[PDB]
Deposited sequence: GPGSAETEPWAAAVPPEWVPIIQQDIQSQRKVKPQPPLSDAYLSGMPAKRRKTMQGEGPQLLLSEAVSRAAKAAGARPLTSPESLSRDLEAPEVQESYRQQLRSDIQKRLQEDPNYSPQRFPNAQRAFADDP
């Protein structure tokens, strides 16, 4: 290949292999905070009501009655507990993917 002209010849094989692998490697997952701490960077949803409000704002959805009425209707009762319970299960599920 053209780039092989400049680099020492014995470097070419490995690089080629890397290239063939690099087009196949699944992208980098989220970085652990441990690794992020080394980086100089520091620019790496609260409750279902706040989540839905953020969703409406991102979608620009106008509430019909009101957002305050929406928040007051639920008030995090037992029936809605499921949501956070779901969260637990979801995160519990993730514990299987990275044991």
Compared with the full deposited sequence, the modelled chain skips 1-7, 52-59, 115-132
